[PDB]
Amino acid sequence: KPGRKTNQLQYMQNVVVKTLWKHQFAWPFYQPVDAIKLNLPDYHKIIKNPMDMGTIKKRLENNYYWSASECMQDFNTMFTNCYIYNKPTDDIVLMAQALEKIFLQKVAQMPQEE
């Protein structure tokens, strides 16, 4: 509920979200995993905290977050869910790993808070 705009949250929108959206492998993460549309009967049993980059993009627009660290945790949840749910050989796993590498590169260049 307490939410806000900081230099760091601004960077999460204008650099991190904007760069990741453009990647060739980003499209599966544009919206919540839909267990009905994708015929995944155990998804919501296995993954208790779903997250996707569409939801993060909206939270940033609605000043949902108090700090960039909160936003980073949601990206982490999005990636970790993919790794936990899927098999090691699944291409979606390699897609997530490519996105997460870029995410981390951007987080490392993020301006320090205050």
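Counting begins at 1, following the sequence as shown. Rigid core: the largest C-alpha set superposing within 1.5 Å between the two forms.
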Core superposition done, the stretch whose Cα atoms deviate more in 7 other deposited structures of this protein, picking from 50-58 and 36-44, is 36-44
Higher mean Cα B-factor in the deposited model: 80-88 or 29-37?
29-37
Which has the higher mean CA temperature factor in the PDB entry, 91-99 or 17-25?
17-25
Chain-relative CA temperature factor third for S69:
highest
